[PDB]
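>>> Experimental structure and its sequence below.
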Amino acid sequence: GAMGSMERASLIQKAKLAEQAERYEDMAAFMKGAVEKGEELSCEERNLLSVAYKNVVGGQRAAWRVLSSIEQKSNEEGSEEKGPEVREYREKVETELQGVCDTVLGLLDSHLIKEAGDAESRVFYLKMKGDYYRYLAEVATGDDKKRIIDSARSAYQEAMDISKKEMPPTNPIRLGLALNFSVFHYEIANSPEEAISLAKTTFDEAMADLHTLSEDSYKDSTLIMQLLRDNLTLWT
Amino acid sequence: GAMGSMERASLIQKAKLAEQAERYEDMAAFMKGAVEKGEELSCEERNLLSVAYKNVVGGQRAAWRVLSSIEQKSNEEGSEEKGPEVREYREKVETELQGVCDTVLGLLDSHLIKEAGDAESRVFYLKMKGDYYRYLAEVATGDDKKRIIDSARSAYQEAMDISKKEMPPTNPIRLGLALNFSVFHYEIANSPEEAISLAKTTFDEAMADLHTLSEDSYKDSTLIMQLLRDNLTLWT
Amino acid sequence: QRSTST
Amino acid sequence: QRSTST
Ligand SMILES: [Cl-]
Ligand SMILES: [Cl-]
Ligand SMILES: [Cl-]
Ligand SMILES: [Cl-]
Ligand SMILES: [Mg+2]
Ligand SMILES: [Mg+2]
Ligand SMILES: [Mg+2]
Ligand SMILES: [Mg+2]
Ligand SMILES: [Mg+2]
Ligand SMILES: [Mg+2]
Ligand SMILES: [Mg+2]
Ligand SMILES: [Mg+2]
């Protein structure tokens, strides 16, 4: 693409500069370029990829929710007709969001997942696949909605099965996957009981394994554990 | 442009939605489209234009400063050579910033300023012209730097002369212009004494005129007055 | 408060 | 602290 002429190492370096500058669209474009070099990503490189796109799509999602709320209020009894503009603009943001998700899913499919043999990498990328299908599901309202939901579920489930076999209960990737799959259950799949049970069992299993950890690992694991607890507090 | 087929009123409406969503690049593009319809802008519309571009360029400026700081540290005694990447990325951000400034200056020149006859509008647009030349000056390092500085000065000065003749001391536009011209003096023109004297005299003149105001006007004027005081505190 | 993800 | 503008 436009990054084809730039060295892989330079793309990585610039991704890191973009991160420091909070230039997440640039960060994402640099990491897309790096992925497209065809080489596997290191642990640190995976994190750059994920953070870049998380921030880009997160901004889009937040804008979409503002616009969708305004649209929904426009459809209430007693609201003045204001024309097609709110729908149009919501649709514009939606289409851009969908495009970013499709871009990420395309990187995963060509060829990050298929080349990922270690559980760290494979679980990481399958979690991402679940996340971006989840974001597609958040805006879906038509005949593929069920299929999009199932795609998210499938990816998360595969990642869960690997993570349970291959990673300790306190591994940050395993914990973040469980966190996000629980969010899927609660917010997408109409399965709040499943969400709660997953979050509880994940938390408890991790607590039981903290004793095996160094101080640094302990800090990393207890961080995400707190996110699980935050959702449990909100949902119960 | 890409907005040529959209109604003026629809562009305005969508600018307002973009503002609510904090989608400032979209906001700016909608307001560029509205300007390009060829009709003068209302007071409210001017504010949308200015806020949109202020936020876009403000983000770019903040990123540029992070990158320039990293670059400058790379040029210090004992810093490892790391190749052209930091400069390249700073330059990319810089060029994009310059482009946005040139876009804004182009809207002002074709044809917002020439059509603006009321002091509110004329001063507003001349203040913008000074601001965007100021932003160009912040990144300028070569043979046009003096000319860019002079262009900012010229625009600010013209706006000052009109504002003093045509607006009360407490008018928010007059106050914001003085604020920004003082910043110009301090940060661009190597004239800290001029900056301080302008900020003081502006503040004092406004304080003397507050008694003429309604509660609402009072609130609007004392807001910007506090910004003047904040700079005076920082600079003295 | 929204659900939290990572 | 930077200089403040509006
Ligand atoms: Cl639109
Ligand atoms: Cl498995
Ligand atoms: Cl670059
Ligand atoms: Cl005059
Ligand atoms: Mg190479
Ligand atoms: Mg009515
Ligand atoms: Mg759609
Ligand atoms: Mg492999
Ligand atoms: Mg028309
Ligand atoms: Mg050395
Ligand atoms: Mg340059
Ligand atoms: Mg006129």
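All right, it came through fine. Numbering: from 1, shown residues only, chains lettered A, B, ... in the order given. Ligands and ions are numbered 1, 2, ... in the order given.
>>> residues in contact with the residue positioned nearest the centre of chain A?
Nearest residue to the geometric centre of chain A (Cα atoms, centre = their mean): residue A:131, 3.5 Å. By Cβ atoms under 8 Å, 6 or more residues apart in numbering or on different chains, the contact set of residue A:131 is A:54, A:152, A:180, C:5. All C-beta atoms are positioned from the backbone trio N, CA, C, and that covers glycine.
>>> Residue A:17 too?
Remark: with contacts taken as Cβ under 8 Å, 6+ apart, residue A:17 is in contact with B:67, B:70, B:85-86, B:89.
>>> how far away is residue A:177 from residue A:226?
16 Å (Cβ to Cβ, to the nearest Å).
>>> can you count the residues close to the residue nearest to residue A:39 when sequence neighbours are not counted?
Leaving aside its chain neighbours, residue A:39 sits nearest to residue A:8 (6.8 Å; criterion: Cβ to Cβ, 6 or more residues apart in numbering or on different chains). For residue A:8, the neighbour count with other Cβ atoms under 10 Å in any protein chain shown is 16.
>>> For ligand 8, see how far away residue A:8 is.
Using Cβ to the ion, to the nearest Å, residue A:8 is found at 17 Å from ligand 8.
>>> these two touch, right, that residue and residue A:37?
Yes. Proximity of residue A:8 to residue A:37 meets the contact threshold set by Cβ atoms under 8 Å, at 4.7 Å.
>>> that older thread, ok, residue A:177 and residue A:226, which is more surrounded?
Using other Cβ under 10 Å as the criterion, residue A:177 and residue A:226 rank with residue A:177 on top: 27 against 11.
>>> That one against residue A:127, yeah?
Yes. Assessed by Cβ under 8 Å, residue A:177 is found in contact with residue A:127 at 4.5 Å.
>>> tell me, what's touching these two both at once?
In contact with both residue A:177 and residue A:127: A:156, A:159, using Cβ under 8 Å, 6+ apart.
>>> burial measure for residue A:148, as a count.
With other Cβ under 10 Å as criterion, residue A:148 counts 20.
>>> just checking, what packs against the helix or strand hosting it?
If you go by DSSP states H and E, residue A:148 is part of helix A:145-166. If you count contacts as 3 or more Cβ pairs under 8 Å, 6 or more residues apart in numbering or on different chains; DSSP states H and E, helix A:145-166 packs onto helix A:119-139, helix A:172-187.
>>> would you turn those into TSV with distance to residue B:234?
Below are these laid out as TSV (distance: least, Cβ to Cβ, whole Å):
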stretch	distance to residue B:234
helix A:119-139	43
helix A:172-187	42
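>>> Now do the buried residues in the longest helix along chain A.
In chain A, with assignment by DSSP state H, the single longest helix is helix A:43-74. Buried residues in helix A:43-74, counted by 16 or more other Cβ atoms under 10 Å in any protein chain shown: A:45-46, A:48-57, A:59-60, A:63-68, A:70.
>>> How about stretch A:214-226 and chain C, touching?
Yes. On the criterion Cβ under 8 Å from any Cβ of the partner chain, stretch A:214-226 is in touch with chain C at residue A:224.
>>> Buried residues of that stretch, list them for me.
Per 16+ other Cβ under 10 Å, stretch A:214-226 contains these buried residues: A:221-222, A:224-225.
>>> got a list of what the residue of chain A found nearest ligand 4 touches?
Nearest residue of chain A to ligand 4 (Cβ to the ion) works out as residue A:85 at 40.0 Å. Taking Cβ under 8 Å, 6+ apart, we find residue A:85 in contact with B:10, B:13-14, B:17.
>>> Over to residue A:221?
For residue A:221, the contacting residues are A:170-172, A:175, A:206, A:210, A:213, by Cβ under 8 Å, 6+ apart.
>>> thought residue A:14 was touching residue B:87?
No. Shown here, residue A:14 and residue B:87 do not form a contact pair, counting by Cβ under 8 Å, at 11.2 Å.
>>> which residues touch residue A:207?
Per Cβ under 8 Å, 6+ apart, neighbours of residue A:207: residue A:225.
>>> So for whatever helix or strand it lives in, what gets flagged as buried?
Secondary-structure element containing residue A:207, defined by DSSP H and E: helix A:192-209. For helix A:192-209, burial by neighbour count (16+ other Cβ under 10 Å) applies to A:195-196, A:198-199, A:202-203, A:205-206.
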